[PDB]
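Analysis of the macromolecular model
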Amino acid sequence: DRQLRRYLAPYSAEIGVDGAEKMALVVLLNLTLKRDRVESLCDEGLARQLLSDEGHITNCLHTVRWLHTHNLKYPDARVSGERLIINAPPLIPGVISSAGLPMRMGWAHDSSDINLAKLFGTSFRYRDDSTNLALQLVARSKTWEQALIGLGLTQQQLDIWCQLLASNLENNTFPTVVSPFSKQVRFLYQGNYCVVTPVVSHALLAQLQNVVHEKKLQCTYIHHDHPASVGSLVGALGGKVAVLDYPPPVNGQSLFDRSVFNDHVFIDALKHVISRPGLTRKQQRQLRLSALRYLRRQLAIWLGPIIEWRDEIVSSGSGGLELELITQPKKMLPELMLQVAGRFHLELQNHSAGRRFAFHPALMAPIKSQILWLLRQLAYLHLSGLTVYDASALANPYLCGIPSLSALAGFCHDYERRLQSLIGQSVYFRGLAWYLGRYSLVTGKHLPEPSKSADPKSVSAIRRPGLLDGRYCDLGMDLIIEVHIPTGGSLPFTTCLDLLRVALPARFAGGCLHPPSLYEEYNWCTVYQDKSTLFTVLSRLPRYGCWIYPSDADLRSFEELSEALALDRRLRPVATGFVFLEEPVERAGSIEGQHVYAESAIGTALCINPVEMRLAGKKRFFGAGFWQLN
Amino acid sequence: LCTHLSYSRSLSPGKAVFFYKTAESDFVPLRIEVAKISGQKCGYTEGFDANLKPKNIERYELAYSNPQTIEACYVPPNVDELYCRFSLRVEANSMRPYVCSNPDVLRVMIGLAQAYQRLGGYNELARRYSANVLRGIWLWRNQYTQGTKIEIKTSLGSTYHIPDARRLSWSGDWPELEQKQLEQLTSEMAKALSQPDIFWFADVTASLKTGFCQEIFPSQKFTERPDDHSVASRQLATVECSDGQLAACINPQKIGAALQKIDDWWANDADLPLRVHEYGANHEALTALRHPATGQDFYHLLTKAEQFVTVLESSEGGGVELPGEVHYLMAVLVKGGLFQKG
Amino acid sequence: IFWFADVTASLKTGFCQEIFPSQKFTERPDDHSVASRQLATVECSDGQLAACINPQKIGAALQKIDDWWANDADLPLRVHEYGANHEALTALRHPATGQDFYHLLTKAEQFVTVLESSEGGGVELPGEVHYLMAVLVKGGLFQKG
């Protein structure tokens, strides 16, 4: 039954072999032949025959030398050099990684080997723990040795193999040099730069292949040509590997104040304007003027949302008069005084309390005068409209969705260095914010340039290096950067605005970055030194966009992530950075200074609608809405 | 030289979009459609095997059709003009190595770029790039119109206009009030290419006068063969518009490959110009014009910088003395890439 | 040379005569709701649909000029590498005859030699040369030799 081969596959749950060591050696030895030559994995005779062939077993023993915990070739079969065997890093409460998983190994080298590697590199559950054949023989596990000698192995042949088999697992656990086809990226660490090279975890990827199909998670598949040339798991999966897929989620009414007239003080104020005899001039004037000042404020409030509408819409870029007459030129506004005063009395007439005051002769001139006055009176780095073409939509080998956050932190800094070489004063970026207005997935894949000659000499033919399977998208986004200048005297000038346009990088997330088109240009590079003005402008953004906020939840597994995503609708997984496998050292092949290996860190973020922060207020926005490193 | 050396790209374009105007709205996208067709059974292996050995089939077996699914795109009835546009940014980014593992290699590459700048030479590169914009060769297979007009605006306030692009050759001399605009454009670009801290940005539009229902040729996608027979074998590239509709487009790197087609320095015989490539690749003939065996490729030439700087420094300049090898090398540094293991 | 032609024809018709535009090649129906026979249309700039004839359907007619086989002209075939005849479901230039495009493509060195030795300007060109040129006009793929 093919189900036996499925359960022994690297992408399936491990099965127990306790008390069945004899048939386990038979099945595992029988797997070293091509499927076309074997009618059953259970034939004791075939196994006894295969076991006597020292050459066949020797060819199998040799594969042990390349068993690994982390796979340096995964994304690109061209990488050449040594294997990597490292114990999982300590658990970080806020990061999903291999730290919470048990120890497992895999195999990658020649395409030809595949079958021969299955004798020692195939895992199983034994004595209620995770092991494999190589480990039980190296550790001198007597039950397995007794069954193996019983199947026809000479004690002298076993005594020699225990030594050679152990020797193959005792060295070459860390690469000597950095391989020429590996990735290298650099960031600040403890006040200086270090180069980081990521690598994929065998145990972590193999588990994900099972969880997405069992827990019914959103996913897609990445293809690999020549699966035998990339690794055990990719071959077993037929060149199709599953990854997570979590993309972002991208009036006829009165404009008048709903409660300016609900203040009992307003009613009193009116009574005071109306006033009373019996007092001195000073007393009457003091009460009167106070009432008027109050009312003045109310007049400003009453028309408030209306004036707000005007300023917002007119500055930024139907048919009712309270909308159209305010859209007009401010110089015209004084001539609306009689109309406003009319509406005012009407609004009072329609109120439960104002029926005692509306159109009363006493209030005529007061109201008209204060309105006339009001009418006469009426008469952080923000990057807007940025477009990115062909951004990399595959954040890490495990997850598709929002581009890796490590890339935005990167962008902020290259931009800072360019500006610093232009302006003599020290300039520093504390935080960086991200907003999403447009998100479009692009299908297909890029064709590589023919940069490789078919033969090194005496050939006039050009070949294609190879093909990869990736995912790309187009973005439209705004950034709000918190800019700080250390010096007491600052440079808030046009010159600096030009230098801010020049310093802007051309590259973003692997794609191409452009400003808004020239024929429709506005000031896309403004600067604010006031939280109130900046927040007010940001509340006006279109309702169909997304703000991305940091999350609070701590997740330690994909199963915990599955539950958190089932419960919320705003939660998305993101790539957050790297986790080190070793301390930084000097190593040949490093681009600059020290080198360290790491594995990708999977974390989470929230998607917040513009409507939610219009209500949350500027306090919550400037506390929670900005991201930083460490 | 050294283990690592590389440059990034200094001249990058955008995505081009096709659209047209109506009397009711200023921007209507050109879009693509999908359809089933009846094909032919023709070609080798359809009837012959091995080397011209007929295979055994009956006479009627080739009269059958071969159905296929394709995407296609046509201009709708009664549209008089079709418009296409893209954006362009240019940075003076060949003055410094993106990375370099050796300070002694670095100071030399810097010396060379500067020695070249002051004798002239950026004008030469700018003239060649400018010519390719105004000629219109970036329309590829869509150049066959009844009349083509090209218009350019820049961030410095200039405007250029070619009343009819259909006749401007690579080799020759342009008509008056056209030759002149080429000179003016050359100046803006020659500066943008070499002097830092200048922001420059261009916006290039063109118009095509077309036939009644003329076929249009946008970029094609790279795909797997579907196994479904309900999915198109030839799929075309589109861009999402601000209103949510899709439109036909030409990919950035396809516009780019056209703009840099300027190399007629090979074999001392100009012919037609090649896309700059370290080995002189010729796609039409499937070969290479600067095969390593000739000594004419980039990698051999990258080691003669010490000799070139010496000449550039000893030369008076302002003349016609700059050799093909120095111009070639500067052109390659402009299309930056990986020059490692040196 | 940028050459264009613009062809319009007028049809004088009957009182309510039936018109025959191109048909779609459709998938097998099973929903009892989709038409069994569907016609091709184009979308006008104003949103209306109109009847049309497909590009390659016009082309199939224009290039129907092949009567060089069997030394008896009869009616012409649509140029085809194997001489396909749709009316009788057969093929006139079956590979077994030596008359197809691929056999002929390999003799080019010999044809050039003849043309060069000939005078020309007259009626001397043979059927085999005309056939070959007609196929190169309807270009396609000629590969995997």
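Along every chain, residue numbers run from 1 in sequence order, not necessarily as the entry numbers them; residues that have no coordinates are omitted. Chains carry letters and ligands carry numbers; both start at the beginning, A for chains and 1 for ligands, and go up in the order they are written. Each value listed here was derived from the chains shown, which are themselves a piece of a larger assembly. As a rule here, side-chain values come from all non-hydrogen atoms in the structure, and water together with hydrogens is ignored.

Quick look at the overall build of chain A
Helical segments are the DSSP runs of H or I of at least four residues, strand segments are the runs of E of at least two, and each set is numbered from the N terminus. When you go through chain A residue by residue, the secondary structure sums to 22 helices and 22 strands. Put simply, the radius of gyration uses C-alpha atoms, and a globule should come to 2.2 Å times the residue count raised to 0.38. Taken over the C-alpha trace, chain A has a radius of gyration of 36 Å; the compact-globule value for 630 residues is 25 Å, which it surpasses by more than 25%. Based on the C-alpha atoms only, the size of chain A along its principal axes is roughly 125 × 60 × 45 Å. Each residue is assigned to one of three classes by its accessible area relative to the maximum for its type, calculated with a 1.4 Å probe on protein chains only: buried under 20%, partly exposed between the two thresholds, exposed over 50%. Burial status across chain A gives 43% buried among its 630 residues. Per-residue accessibility takes into account occlusion by the displayed protein chains alone, with areas from the Shrake-Rupley method and a 1.4 Å probe. For chain A, the computed accessible surface area is about 33,900 Å², with 52% contributed by carbon and sulfur atoms. By the counting scheme adopted, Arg and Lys are positive, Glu and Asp are negative, and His together with the chain ends is not counted. Charged side chains are reduced to one point each, which is NZ for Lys, CZ for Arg, CG for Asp and CD for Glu. Distance between charge centroids for chain A: 12 Å, based on 65 positive and 57 negative side chains.

Section: the interface of chain A and chain B
Residues are treated as being in contact if the distance between any of their heavy atoms lies within 4.5 Å. Facing the 31 residues of chain A at the interface are 31 residues of chain B. Buried surface at the junction of chain A and chain B, both sides included, amounts to about 2,800 Å², of which 57% is carbon and sulfur. Once two parts are brought into contact, the accessible area they lose, counted with a 1.4 Å probe and summed over both, makes up the buried area. Three residues stand out in chain A for area buried against chain B, namely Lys445(A), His514(A) and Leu518(A), and they jointly supply 18% of the buried area on that side. Any carboxyl oxygen of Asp or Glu that lies within 4 Å of a side-chain nitrogen of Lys or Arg is treated as forming a salt bridge with it. Inspection of the region where chain A meets chain B yields 2 salt bridges. The closest approach of N and O atoms between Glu224(B) and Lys445(A), which form a salt bridge, is 3.4 Å.

A few points about the nonpolar core
To qualify as a nonpolar core, a set must consist of buried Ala, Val, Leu, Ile, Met, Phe, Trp, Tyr and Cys residues joined through side-chain atoms within 4.5 Å. Counting 77 residues, the largest nonpolar core has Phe18(B), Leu125(B), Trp138(B) and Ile152(B) as its most contacted members. For this core, the element with the highest residue contribution is helix 7 (residues 324-334) of chain B, accounting for 8 residues. An automatic or database domain assignment is the source of the domain bounds shown. Here this core spans two domains, since at least three of its residues come from each of domain 1 (1-9 + 93-121 + 261-342) and domain 2 (10-30 + 73-92 + 122-219) of chain B. Sequence-distant contacts of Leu125(B), that is, excluding residues within four places in its chain, are made with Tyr116(B), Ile262(B), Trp265(B), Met330(B), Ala331(B) and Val334(B). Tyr439(A), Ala503(A), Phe508(A) and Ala605(A) belong to the second largest nonpolar core, which has 41 residues in total.

Concerning the packing of aromatic side chains
The criterion for an aromatic pair is that two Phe, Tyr or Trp rings (for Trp, the six-membered ring) have centres within 6.5 Å, with stacked assigned to planes under 30 degrees apart, edge-to-face to planes over 60 apart and tilted to the rest. What the rule picks out here adds up to 39 aromatic pairs over all chains. Between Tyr279(B) and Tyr299(B) the ring centres are 5.9 Å apart and the planes differ by 45°, which places this aromatic pair in the tilted class. Highlighted residues: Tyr279(B) in the loop between strand 17 (274-275) and strand 18 (281-282) and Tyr299(B) in helix 5 (residues 298-301), separated in sequence by 20 residues. Relative accessible area serves as the criterion here: at 23%, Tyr279(B) is assigned to the partly exposed category. Taken together, the ring pairs connect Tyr380(A), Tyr435(A), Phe535(A), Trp547(A), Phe621(A), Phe622(A) and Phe626(A) into an aromatic cluster. When the NZ atom of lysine or the CZ atom of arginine is within 6 Å of a ring's centre and also within 35 degrees of its normal, the charge is said to sit over that ring. Sitting over the ring of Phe217(B), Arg141(B) keeps its end group 4.3 Å from the ring centre. Seen from the ring of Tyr328(B), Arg290(B) lies directly overhead, with NZ or CZ sitting 3.9 Å from the centre.

Quick look at the packing of helix 2 (residues 122-135) of chain B against helix 7 of chain B
Residues and elements named next belong to chain B. Viewed as axis vectors pointing N to C, helix 2 and helix 7 meet at an angle of 65°, and their least axial separation amounts to 11 Å. Seen from above, helix 2 lies across helix 7 with right-handed handedness. The segment helix 2 lies against helix 7, with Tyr122, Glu124, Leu125 and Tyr129 engaging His327, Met330, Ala331 and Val334. Three classes are used, and their members are as follows: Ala, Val, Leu, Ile, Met, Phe, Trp, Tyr, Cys and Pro are nonpolar, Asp, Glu, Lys and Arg are charged, and the others, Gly among them, are polar. Partitioned by chemical class, the residues of the contact of helix 2 with helix 7 number 6 nonpolar, 1 polar and 1 charged. Note on geometry: axes are C-alpha line fits, over the in-contact stretch for helices, and angles between N-to-C directions span 0 to 180 degrees. Two helices cross in a left-handed way if the nearer one is turned anticlockwise from the farther one by less than a right angle. They cross in a right-handed way if the turn is clockwise.

Re the interface of chain C and chain B
Taken together, the 28 residues of chain C in the interface contact 24 residues of chain B. Sorting the residues of chain C by area buried against chain B places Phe2(C), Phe4(C) and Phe25(C) first, and these three jointly supply 25% of that buried surface. For the interface between chain C and chain B, the tally reads 0 salt bridges. Polar contact is defined as a pair of N or O atoms within 3.5 Å, subject to the rule that within protein one atom must be able to donate a hydrogen and the other to accept it, and that residues adjacent in sequence are counted only when both atoms are side-chain atoms. Connecting chain C to chain B are 3 residue pairs in polar contact. Of all the secondary-structure elements, those providing two or more residues to the side of chain C that touches chain B are helix 1 (55-62), strand 4 (90-91) and helix 2 (101-105) of chain C.

Structural notes on the pairing of strand 13 (residues 201-209) of chain B
Working note: regular strand, side chains alternate between the two faces of the sheet. All names here are of chain B. Counting buried residues in strand 13 gives 7 out of 9 residues, a clear majority hidden from the surface. Strands are labelled as partners when DSSP assigns at least two bridges between them. Summarising the sheet, strand 9 (residues 81-90) and strand 13 pair through 9 bridges and their orientation is antiparallel. If you follow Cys84 over to strand 13, its bridge partner there is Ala206.

Topic: the pattern of salt bridges
Tallying each qualifying case throughout the model produces 32 salt bridges over all chains. The partner of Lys34(A) in a salt bridge is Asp36(A), and the shortest N-O contact between them spans 2.5 Å. Accessibility expressed as a relative area gives 47% for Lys34(A), which makes it partly exposed. Where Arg140(A) meets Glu145(A), a salt bridge forms, and the shortest distance between an N and an O atom there is 2.7 Å. Counted as one network, the salt bridges with shared partners bring together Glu124(B), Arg127(B), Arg128(B) and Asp264(B).

Notes on the side chain of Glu582(A)
Residues and elements named next belong to chain A. By the element assignment, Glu582 lies in the loop between strand 21 (571-580) and strand 22 (595-608). At 3.0 Å, the side chain of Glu582 forms a polar contact with the side chain of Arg587. For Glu582, the contacting residues outside a window of four places in its chain are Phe174, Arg587, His595, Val596 and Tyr597.

Thoughts on the sheet that holds strand 12 (residues 394-396) of chain A
Residue and element names in this part refer to chain A. Taken together, 4 strands build an open sheet; the order of strands is 9-10-13-12 and the sheet is mixed. Both edges of this open sheet fall to strand 9 (219-223) and strand 12, since each of them pairs with a single strand only. Pairing geometry for strand 9 and strand 10 (residues 240-245), over 5 bridges, is antiparallel. Note on strand 10: the bridge partner recorded for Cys219 is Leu244. On the sheet, helix 9 (residues 202-214) packs against strand 9 and strand 10 and is oriented at approximately 70° with respect to strand 10.

A short note on the pairing of strand 22 of chain A
Residues and elements named next belong to chain A. For strand 22, a buried count of 13 out of 14 residues is recorded, marking the element as mostly surrounded by other parts of the structure. In the sheet, strand 7 (residues 192-198) pairs with strand 22 via 4 bridges, with the strands oriented parallel. Looking across to strand 22, one finds that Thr197 is bridged to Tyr597. Where strand 20 (residues 546-550) meets strand 22, 4 bridges bridge the pair, whose relative direction is antiparallel. Of the residues in strand 22, the one forming a bridge with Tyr549 is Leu606. Of the pairings in the sheet, the one linking strand 21 to strand 22 comprises 9 bridges and is antiparallel in character. Residue pairing in the sheet places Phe578 in a bridge with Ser600 of strand 22.

Section: unusual backbone geometry
With the exception of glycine, the majority of residues adopt a negative phi angle, and the majority of peptide bonds are in the trans configuration. With a phi close to 50°, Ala509(A) is a non-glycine residue in the positive phi region. Here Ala509(A) is to be found in the loop between strand 18 (507-508) and strand 19 (511-514). Located in the positive-phi region is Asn268(B), a residue other than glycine, with phi close to 55°. Following the sequence through the fold, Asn268(B) ends up in the loop between strand 16 (261-263) and strand 17.

What to know about the environment of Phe27(B)
Residues and elements named next belong to chain B. Mapped onto the fold, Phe27 is located in the loop between strand 3 (16-20) and strand 4 (28-29). Along the primary structure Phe27 and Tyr83 are separated by 56 residues, whereas in three dimensions their C-alpha atoms are 9.9 Å apart. With sequence-adjacent residues up to four places away left out, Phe27 is seen in contact with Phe19, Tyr20, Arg85 and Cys241.

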